[PDB]
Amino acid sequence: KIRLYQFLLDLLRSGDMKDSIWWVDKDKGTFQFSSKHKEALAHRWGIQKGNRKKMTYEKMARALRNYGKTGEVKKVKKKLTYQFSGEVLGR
């Protein structure tokens, strides 16, 4: 199945959930979730994965934090903002 970072990058490219997620500086790979509309995006991630429970933004971001050590996605010190690595953006 698709990886979470790929699911998010694909959404940013397609623009299908523009009210839930957007680029801040696409050249840097920084992106931000909507405070009010992020749960709809989390729900879609869980359904795409076929998970047993409803996905929440909280559980999705728990998974996002695990990328910090390996580098695919890092938290930025701005509200609801993260950053893809150069490798993820190229690949």
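Start at 1 and count along the sequence shown; that's the residue number.
A.B. asks: Using only the Cα atoms and their B-factors as the entry lists them, report which of 13-21 and 73-81 averages higher.
C.D. replies: Looking at the record's C-alpha B-factors, the answer is 13-21.
A.B. asks: Among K38, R44, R52, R62, where is the Cα temperature factor highest, going by the PDB entry?
C.D. replies: If I rank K38, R44, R52, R62 by C-alpha B-factor, first place goes to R52.
A.B. asks: Tell me, lowest, middle or highest third: where does the Cα B factor of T56 rank within its chain?
C.D. replies: As the PDB entry reports it, the C-alpha B-factor of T56 lands in the lowest third of its chain.
A.B. asks: What third of the chain does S34 rank in for C-alpha temperature factor, lowest, middle or highest?
C.D. replies: Middle third.
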